[PDB]
Amino acid sequence: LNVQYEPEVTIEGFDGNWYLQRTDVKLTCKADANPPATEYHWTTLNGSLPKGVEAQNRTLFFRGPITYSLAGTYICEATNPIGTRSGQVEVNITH
């Protein structure tokens, strides 16, 4: 297209406060750009992946209900010919 921009990374899924007993607590990472992407980077603020999440492509599928060990910042970066952008989300567990 006439416009070329670095991929816009967005987090989708449960919008709001995350409830312990809910399977709706999964998140999807989307990068929107003129070209899809050349590379995709998925990393959390802790640099590691929790044992409660099942990762599939740019989709964060939670294996079940959200737990305290599932709380934190999930970030993803997309590498494109126009640049690299990252999106993050901060999940908190209800009390």
# chains A, B, ... in the order shown; residues from 1 in each chain; ligands from 1
>>> residues_around(residues="residue 42 (chain A)", least_positions_apart="4", cutoff="12 Å", atoms="only C-alpha atoms", output="short mmCIF file (atom, residue, chain, number, x, y, z; two decimals) with C-alpha atoms, in the first residue's frame")
data_model
loop_
_atom_site.label_atom_id
_atom_site.label_comp_id
_atom_site.auth_asym_id
_atom_site.auth_seq_id
_atom_site.Cartn_x
_atom_site.Cartn_y
_atom_site.Cartn_z
CA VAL A 9 0.93 -5.09 18.40
CA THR A 28 -4.26 -13.20 21.82
CA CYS A 29 -1.42 -11.15 20.38
CA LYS A 30 -2.00 -9.44 17.06
CA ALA A 31 0.45 -7.42 15.01
CA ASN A 46 10.05 -12.43 33.74
CA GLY A 47 11.67 -13.82 30.61
CA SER A 48 10.07 -17.21 31.21
CA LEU A 49 6.76 -18.94 30.50
CA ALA A 55 1.36 -21.16 23.89
CA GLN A 56 0.24 -21.53 20.29
CA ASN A 57 1.70 -19.21 17.64
CA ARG A 58 0.85 -15.62 18.66
CA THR A 59 -1.98 -16.92 20.83
CA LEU A 60 -1.71 -17.22 24.58
CA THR A 73 3.29 -8.86 32.11
CA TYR A 74 2.92 -10.72 28.82
CA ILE A 75 4.71 -8.97 25.95
CA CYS A 76 5.13 -9.80 22.27
CA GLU A 77 7.28 -8.19 19.60
CA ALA A 78 6.84 -8.40 15.85
CA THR A 79 9.71 -7.98 13.44
CA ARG A 85 7.11 -3.13 17.86
CA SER A 86 6.03 -4.80 21.06
CA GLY A 87 2.81 -5.13 23.00
CA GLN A 88 2.36 -6.00 26.63
#
>>> select_by_dssp(residues="chain A", states="strand (DSSP E or B)", output="count of residues only")
46
>>> closest_residue(among="A:92, A:16, A:71, A:83", to="residue 44 (chain A)", atoms="only C-alpha atoms")
A:71
>>> residues_around(residues="residue 62 (chain A)", least_positions_apart="2", cutoff="9 Å", atoms="only C-alpha atoms", output="count of residues only")
14
